[PDB]
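Structure in structure tokens, see below.
Should a chain be cited, it is by its letter among A, B, C, D, E and F, assigned in written order, with residues numbered from 1 in that chain.
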């Protein structure tokens, strides 16, 4: 197969901004879908997912980016999920029991990054689509990043979750038709 | 253990718009259980659990004279969901886009790219729904055409394929 | 570190002159940020600082019947400044000139010559001006056509390319 | 028996992190060809907090042999040569604040003298060269120039006003953005070590 | 790439006629752009620049051609510039400090010729154009020849500046469109 | 020391006879100083003393629809003197004869045979006379055409060449 058939998208960026609960010390959870179509958290990537039919993730590393001082009193955790249907009960003690679970103090930048395991992809090429539904979801997104944090600080942004990746897109499509 | 089904056939017959010059668009699902456009193949799909496409080539087949005006276009889609907003200009910027005058037999052909199958073996099923559809259909052919003629049949979209089927199943159960 | 964007698309749609037999000319800038004629590509150009063209092939796409009179012509220009005095006879004596009856799909194609790029990597920018333009655009397609028909759309100018982009940039900043 | 179940890593933060820097002097040498390598280092920008707490502050720097504002030393060299090119250039963040402080910083590379608006942290993070981190800590990964992708084999030592003229005289720019709970306080500086090759001498008076 | 794609233009010719100031002993300056489009000083070359899109200079040597006797009292100087914007303050003492600067007595034909340095070209292929402006200028012309002379003689032509070159043109264009 | 000038262009535009079906004939001198049909080249010929043709290919370029009647023909002549009695039937029995329906782009092309140049290097001159002409022109293209249409322009005769020039000369002197 010739050159060009696969287009690599290598870049990084802020996945999400993690901000504390309005009630001091209350865990805050979240789940982020890794898509070429998640325009909210993967803008740069989304602008391309939209113009290609299929895609696959070559590699993706996630890390915690703190933006609060050393005296802050919080904790953070991340793990990788592979079922779009898994969206509840995201607690810290649970992420610490699921694949890649990384926990640490709020002020500390992640040392041992969390990474995608491609050799276990549920399928060769995922679809650049938006069809709602659990099944449809798992066929359009390879994995998700579950996270949970907590802090005595009230309604303050603690930091972000960074992502350094490289994904390959294939089969160009018209932005409009492709939706 | 793996059976190859090699054949060809007419997928669809394209008819001019009621309003001259206006575009007519469409989309065809490529699978072993598409009785409407891939009849011959359906007789096979009906008796095997899984399958995958080895190769598939699509072309334009004219019925009109070289004088007729208008043009055709085709491209490949890989999502049962996308079936709207199809137009020549758009198909032209889509994977595999072929085109040309309506009276002329397509030069370059539209071919399937197995290297990027979303999955090794697709299901010979008929379940409804977007997902259920993407699991049963490797791809679809999007097409659009327009002609100065009115409500006349311009031509057909042709298909030449080789499909590998596997895991035989009683036709009645498999549905 | 270098991303290839391979695709095709319709650049322009050429329409007959108000005065039959009279020539209609035009010029298309080839770059990653040309939303008008290279839409699909623009979505890429918008998110990369630099780029360069690996290969690009242009052709004539007829919409009219083989009976129609007139002819088309294309050539490559390498200066955003030159946009006047374009005529068939002239394009024919310009680098890469292709031509032929209006109803006929171009035989030989117009191809890009990277061996002579004015520079290694062009900027994905939108600044106005001749210079700023030559720094952002590797070349343009000049075309001219004439037909016995009146104010009718003759055909489209097609493009097939492979572009290598580099140095990603946030879409908002890059403008 | 089996392998470990987890991996523990001790982490710690000091009251304040920083860096002392002693200037050793610029390095210049004439060589065969017309080539003459200029090597130097220093402060690029003095990054100071927004008057409105928590608000983002930003900006960009042109890498020029004739940018008397931020690269004064380099200007002296630029004024005497006609052309040049960058061998390497690395930029880095240096904190003046205690680890107690809140905020973050980020920087990346741009290649069009015209792109100088809408600079923000979240946006620099998705731009090539993106580096970032809590404001109080020196930047681990540095920002380096990529000369293999230069648009010009040799850039010009000129000062013409255009946007194009600017891109013909500048190989790249440093975008940066930061925010902090502190108000109108100088957060830190962006340092730079680089090496450029000047060529084709010219009387300074004329080179303008 | 095949034969013919690049057309070599090898020749020489008079660049400029250097004539003295109306006021005895006053330095006279000048700048000459090396273009396939400078019809005033590079006629032979210009007639081709006009019919090609791009071009590059393989080599170019400049020399002083005196046409006044040994008893004449003057001096001449040349140097090479690479910024079209550099056009003022052209004095002899300054050319003698810029690249290739050659100075000598008026009656004496240049011995050590001044030459273009291609390995330092700002760009691979220059444009055969005329768009005014500094930037546009530097993209259409690779370099210029700055010169200055002076002599007790009044308003008399001292000599010429010769040029022996070889430039390669590429991408034919219609003479009219190309402007 | 030897410069190659590679390009193409329109030589002549052929127009139908006043009397339908009647033949229209013509002949084009191929040289570096033919401002009328080889303009671009003239700008080169004007500044070189000698030259020789590396390769030259001529073709028919239609402007009419596939319905139009009539035919075209071309052949190569090697004597400035011969310009009379040109007719299709005759060109067909002459070296390099190409032909075909008027609306159809020539299949086989007319090519120059350098192996038999009457001389190594031809002069870039403009002197009048048969001899003076044969010394300055390596060959000419004879053509003839006829069509059912009346006084309409049928098409153009195209040329693609590579010419080697030598011994530069000031344009003014060289004439």
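The definition used in the following text is that a contact is a pair of C-beta atoms (placed from the backbone, for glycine too) under 8 Å apart; a residue touches a chain by one contact, two chains touch by 3 or more.
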| item | value |
| --- | --- |
| Chain-contact steps, minimal, separating subunit D from subunit B | 2 |
| Between the pairs E-F and C-E, the one where more C-beta pairs touch | C-E |
| Whole-Å separation of chain centres (CA-atom averages), subunit A against subunit E | 61 |
| Approximate Å spacing (C-alpha centroids) for the pair subunit A, subunit D | 30 |
| CA centroid of subunit C to CA centroid of subunit F, Å | 31 |
| Computed distance of Cα centres, subunit D from subunit C, in Å | 38 |
| Subunit F residues counted as touching two or more neighbouring chains | 7, 39-40, 66-67 |
| Every chain pair in contact, whichever chains are involved | A-B, A-C, A-D, B-C, C-D, C-E, C-F, D-E, E-F |
| Complex contacts: residues of subunit B adjacent to subunit C | 65-71, 88-89, 92-93, 95, 97, 99-101, 103-104, 107 |
| Complex interface listing, subunit D residues touching subunit C | 109-112, 114-115, 117-119, 123-124, 126-128, 146, 149-153, 162-165, 167-168, 175 |
| Touching residues on subunit A, where the partner in the complex is subunit D | 11-14, 43-44, 65-72, 104-105, 107-109, 111-112, 159, 162 |
| Of all residues in subunit C, those that touch subunit A in their complex | 1, 3-7, 39-40, 43-44, 46-47, 54, 162, 168, 170-171 |
| Residues of subunit C defined as touching subunit D within the complex | 49-50, 119-125, 127, 129, 131-132, 134-135, 166-170, 172-175 |
